[PDB]
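The chain below stands alone and is given as structure tokens, in the form deposited in one PDB entry.
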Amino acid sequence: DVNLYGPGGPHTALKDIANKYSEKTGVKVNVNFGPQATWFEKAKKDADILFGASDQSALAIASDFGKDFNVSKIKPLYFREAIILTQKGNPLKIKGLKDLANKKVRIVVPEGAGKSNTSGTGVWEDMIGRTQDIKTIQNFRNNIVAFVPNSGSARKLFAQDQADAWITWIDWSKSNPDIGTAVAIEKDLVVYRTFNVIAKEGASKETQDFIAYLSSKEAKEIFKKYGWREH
């Protein structure tokens, strides 16, 4: 078996890819996902590949594994853009990030706060900071009602109508057409973060084979369906 572990997000593309791969090759590929704490102990025993939803978070998670993984071997393969997810119908008529700074809105964002490894860390400030206006930065921050440890937590909060806007990734919207309404972020502000993988030291032939498959034509198309790009 080839066992993958990583955060929620890329798991939807990976599940599809793994399904197709397993049927085609006979090799069983398992995609374990969620908050790091839910799978960390198990991963330490049988993780073949660690996948990531950003570089900083992947570096963090792989570093928790010590000798089993060499962090220098993290492989970026795709990227996707940040988006604003609004409640269905976008009742507040949010047009972008600047709009979120100037209106009265409840925003949720994943931030690790140094105790959780999440793809969201640093995202909101890097985007709104590109307005080069401290008042705008202050205004946006004042609207953040919740910093959460991971995207799954943001999704739950959002689903309970506890926030008007969730700063997230396009793939979360693609994976969940039924949840909210995606609003594109200003081209001059938006950030793009990567999907990546790292194989354990002494990875099996089956593991190496699947890694290659992630760059295959079939994999590219599935990734594309969820918003993951190469160029």
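For every residue, the number given is its place in the sequence shown, counted from 1.
For the two regions 92-100 and 126-134, the entry's Cα B-factors average higher over 92-100. If you average the C-alpha B-factors over 18-26 and over 215-223, the higher value belongs to 18-26. Comparing C-alpha B-factors across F40, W169, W166, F195 in the deposited entry, the largest value falls on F40.
Per the deposited record, the Cα B-factor of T118 falls in the lowest third when ranked against the other modelled residues of its chain. Placement of the Cα temperature factor of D178 within the chain: middle third of the modelled residues, per the deposited record.
The PDB entry assigns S72 a C-alpha temperature factor belonging to the highest third of its chain's modelled residues. Sort the modelled residues of the chain by CA B factor and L50 lands in the middle third. When all modelled residues of the chain are sorted by CA temperature factor, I61 is found within the middle third.
Absent from the display: the form solved in complex with a small molecule. The rest refers to it.
Using a 4.5 Å cut-off to the small molecule in the deposited bound form, each of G34, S151 and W172 places a heavy atom inside that distance. A residue is said to contact a partner when one of its heavy atoms sits within 4.5 Å of a partner heavy atom; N117 meets this definition for the small molecule in the deposited bound form. Contact annotation: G227 falls outside 4.5 Å of the small molecule in the deposited bound form, judged by heavy atom distances.
In short, of 136-144, 118-126, 96-104, 70-78 it is 118-126 that has heavy atoms within 4.5 Å of the small molecule in the deposited bound form.
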